[PDB]
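Labels below follow one simple rule: chain letters A, B, ... track the order of the sequence lines, proteins then strands, and each chain is numbered from 1. Heavy-atom basis, side chains included; hydrogens, waters and symmetry copies ignored.
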Amino acid sequence: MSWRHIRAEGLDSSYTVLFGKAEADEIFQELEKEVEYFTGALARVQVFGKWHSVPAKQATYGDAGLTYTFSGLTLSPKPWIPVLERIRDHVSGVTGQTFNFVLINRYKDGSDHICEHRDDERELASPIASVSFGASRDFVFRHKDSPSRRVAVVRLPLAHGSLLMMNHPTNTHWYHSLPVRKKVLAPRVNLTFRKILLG
DNA sequence: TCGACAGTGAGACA
DNA sequence: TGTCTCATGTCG
Ligand SMILES: [Mg+2]
């Protein structure tokens with residue numbers, strides 16, 4: 001496989017094109033058709049007098065019997081459906097890793113974005129694999145100390161059919177964003193595969 | 001609650 | 001002047 005290695009102080013990611021266009025088109029259509037997102041209908045749930053947010057506008061699938069936590073609650077993901085198994089297997093096939101969980105986000109146009117954040121490290125093992133379909137969207141890495149010092153910025157279009165692996169310690173020293181882009185009008189679907197520890 | 005996203009001011013440039 | 005990009009406040 002042909003990989004672009006994105007390297008900098010505390011940043012190890014690599015990027016490749018996982019699926020050719022024909023196949024990326026097919027899979028995208030199947031995703032749009034088949035994935036079931038949480039609606040907005042239920043925002044919060046309260047226990048012991050303290051509220052807890054409930055996932056909205058995302059879908060989670062994973063292995064039977066698995067549980068993950070979210071905003072303090074413990075959930076079960078939907079069991080895998082075939083298009084996701086197909087995608088998981090290609091990722092596995094090209095990295096040597098296994099994954100038991102995927103978080104799917106849909107960005108219906110360039111107004112949908114994600115603000116700077118660092119993944120919830122607490123429940124993970126190991127590399128996060130991010131697979132993109134639909135419209136190309138720029139993805140941005142900013143160092144968590146850049147205020148103290150001035151560290152470089154790294155900017156990467158995540159293209160249709162692509163795979164971005166984020167390996168240690170990329171998620172420890174750098175925040176990530178998917179910034180707004182008005183010019184972009186078509187939707188993007190992103191799949192983030194993880195391995196949730198049984199411990 | 002605290003996580004997703006609304007809101008906003010500075011700067012760029014058309 | 002108008003839209004965009006970058007980098008604290010709110011609320012369910
Ligand atoms: Mg993330």
Side-chain angles (χ1 to χ4, degrees), chain A residues 6 8-11 13 15 31-32 35-62 66-78 101-125 128-160 162 164 166 169-197:
Chain A
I6 319 291
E9 174 182 18
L11 208 207
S13 313
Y15 171 90
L31 290 165
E32 285 289 80
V35 169
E36 303 202 24
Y37 297 95
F38 291 113
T39 67
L42 202 190
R44 313 173 291 169
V45 137
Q46 171 185 309
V47 181
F48 221 157
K50 316 193 176 203
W51 288 104
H52 292 266
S53 251
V54 147
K57 226 284 162 275
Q58 78 202 207
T60 45
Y61 298 73
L66 210 279
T67 73
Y68 64 111
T69 108
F70 184 106
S71 164
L73 307 163
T74 285
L75 309 186
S76 249
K78 260 98 76 211
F101 185 74
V102 66
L103 179 67
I104 311 183
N105 282 292
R106 193 170 180 274
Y107 309 103
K108 85 198 198 303
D109 56 39
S111 82
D112 293 329
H113 55 292
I114 175 162
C115 293
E116 300 216 328
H117 78 295
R118 280 196 298 106
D119 275 30
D120 209 353
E121 51 309 299
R122 297 163 174 263
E123 45 182 25
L124 295 171
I128 294 341
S130 170
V131 174
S132 287
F133 298 97
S136 146
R137 287 287 299 273
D138 290 332
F139 182 88
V140 154
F141 284 122
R142 261 179 89 218
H143 198 277
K144 70 135 182 296
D145 273 297
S146 65
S148 309
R149 342 135 54 163
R150 200 271 295 170
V151 172
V153 89
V154 201
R155 192 172 313 105
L156 177 58
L158 298 179
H160 180 59
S162 63
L164 179 73
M166 283 172 296
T170 293
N171 197 65
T172 82
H173 306 272
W174 298 67
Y175 284 79
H176 59 252
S177 63
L178 195 78
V180 165
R181 296 266 166 283
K182 305 290 166 194
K183 287 227 201 85
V184 180
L185 301 168
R188 184 177 159 262
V189 178
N190 189 74
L191 291 84
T192 32
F193 295 92
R194 294 183 217 268
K195 201 184 74 175
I196 305 308
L197 292 187

A.B. asks: If I take atom CH2 in residue A:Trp51 and atom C1' in nucleotide C:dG12, what distance separates them, rounded to the nearest angstrom?
C.D. replies: 7 Å
A.B. asks: Residues two or more places apart in sequence or in another chain: which of them pass salt bridge (charged side-chain N to carboxylate O under 4.0 Å, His left out) with A:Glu123?
C.D. replies: none
A.B. asks: Using the 3.5 Å cut-off, write out each protein N or O paired with an N or O of nucleotides 3-13 of chain B and the distance between them.
C.D. replies:
none

A.B. asks: Only pairs at least two apart or in different chains count here, so list each side-chain hydrogen bond (donor to acceptor under 3.5 Å, both in side chains) that has a residue in residues 146-159 of chain A.
C.D. replies: A:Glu9-A:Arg149
A.B. asks: Could you state the interatomic distance from OG1 (A:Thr172) to CZ (A:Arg118), rounded to the nearest 0.5 Å?
C.D. replies: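 Those atoms lie 7.0 Å apart.
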A.B. asks: Applying side-chain contact (heavy atoms from CB on, under 4.5 Å), name anything that partners A:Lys182, two or more places apart in sequence or on another chain.
C.D. replies: A:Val180
A.B. asks: In whole Å, what separates the P atom of C:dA7 from that of B:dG3?
C.D. replies: 23 Å
A.B. asks: Starting at CD of A:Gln46 and ending at P of C:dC11, how long is that distance when rounded to a whole Å?
C.D. replies: 19 Å
A.B. asks: Rounded off to whole Å, could you give me the CZ-to-P distance for the A:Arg44 and C:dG12 pair?
C.D. replies: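 To the nearest whole Å, that distance equals 7 Å.
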A.B. asks: Sequence neighbours left out, what pairs pass salt bridge (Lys or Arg N to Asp or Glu O under 4.0 Å) with at least one residue falling in residues 134-147 of chain A?
C.D. replies: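 The answer is A:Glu116-A:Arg142, A:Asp138-A:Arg181.
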A.B. asks: Tell me, please, which residues at least two apart from A:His176 pass ring-ring contact (aromatic ring centres under 6.0 Å, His included).
C.D. replies: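 ring-ring contact (aromatic ring centres under 6.0 Å, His included) check on A:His176 returns A:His117, A:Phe139.
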A.B. asks: Below 3.5 Å, can you tabulate the donor-acceptor pairs from side chains in residues 67-75 of chain A to any protein atom, sequence neighbours excluded?
C.D. replies:
residue, atom, partner, partner atom, Å
A:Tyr68, OH, A:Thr60, OG1, 2.9
A:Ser71, OG, A:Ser53, N, 2.8
A:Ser71, OG, A:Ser53, O, 3.2

A.B. asks: Find every protein N or O atom lying less than 3.5 Å from an N or O atom of nucleotides 3-6 of chain C, and list the pairs.
C.D. replies:
residue, atom, partner, partner atom, Å
C:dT5, OP2, A:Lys182, N, 3.4
C:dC6, OP1, A:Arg181, NH2, 3.4
C:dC6, OP2, A:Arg181, NH1, 3.3
C:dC6, OP2, A:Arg181, NH2, 3.4

A.B. asks: In whole angstrom, give the distance that lies between atom CG of A:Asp138 and atom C1' of C:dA7.
C.D. replies: 17 Å
A.B. asks: Holding to side chain to side chain donor-acceptor pair (under 3.5 Å), I want the full list of residues that pass it with A:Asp120, two or more places apart in sequence or in another chain.
C.D. replies: none
A.B. asks: Between C:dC4 and B:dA6, how far apart are the two P atoms, rounded to whole Å?
C.D. replies: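 It works out to 16 Å between them.
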